[PDB]
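What follows is a short report on a single structure.
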Amino acid sequence: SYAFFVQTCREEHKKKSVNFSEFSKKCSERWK
DNA sequence: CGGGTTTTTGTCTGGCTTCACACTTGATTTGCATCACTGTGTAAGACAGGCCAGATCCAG
């Protein structure tokens with residue numbers, strides 16, 4: 001379940017995918 | 001009988017290696033079965049039997 005919501009958010013903010021470094025601090029304000 | 005606080009880990013995430021993987025055929029190299037033999041078995045003791053010797057007995 002920890003990956004489903006992340007994949008949905010990835011589709012979300014990717015429909016608007018090679019930058020994993022600047023994505024580190026994105027999930028901090030999502031699961032909270 | 002189960003609340004705190006670090007360990008112990010598989011991932012999420014997508015993008016970079018170094019090895020993995022279809023075909024030949026003619027060798028070339030290993031692996032394994034087969035066959036006629038080998039050594040270690042290895043010195044004394046028990047018992048019957050013929051043979052004289054000498055003791056055991058016989059009779060004038």
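Easy rule for this one: first residue shown is 1, then count along the chain.
Quick reminder: no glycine exception, Cβ is built from N, Cα and C everywhere.
What Swiss-Prot records for this protein:
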DISULFID  A:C9-A:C27  disulfide bond
MOD_RES   A:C9  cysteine sulfonic acid (-SO3H)
MOD_RES   A:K14  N6-acetyllysine
MOD_RES   A:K15  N6-acetyllysine
MOD_RES   A:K16  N6-acetyllysine
MOD_RES   A:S17  phosphoserine
MOD_RES   A:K25  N6-acetyllysine
MOD_RES   A:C27  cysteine sulfonic acid (-SO3H)
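Of the recorded residues, A:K25 (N6-acetyllysine) and A:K15 (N6-acetyllysine) place their C-alpha atoms 20 Å from one another.
The Cβ of A:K16 has fewer other Cβ atoms within 10 Å than any other of the modified residues A:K14, A:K16.
In this structure, the C-alpha atom of A:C27 (disulfide bond) lies 14 angstrom from that of A:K14 (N6-acetyllysine).
For A:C9 (disulfide bond), the same-chain residues that are 6 or more apart in sequence and have a Cβ closer than 8 Å to its Cβ are A:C27, A:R30.
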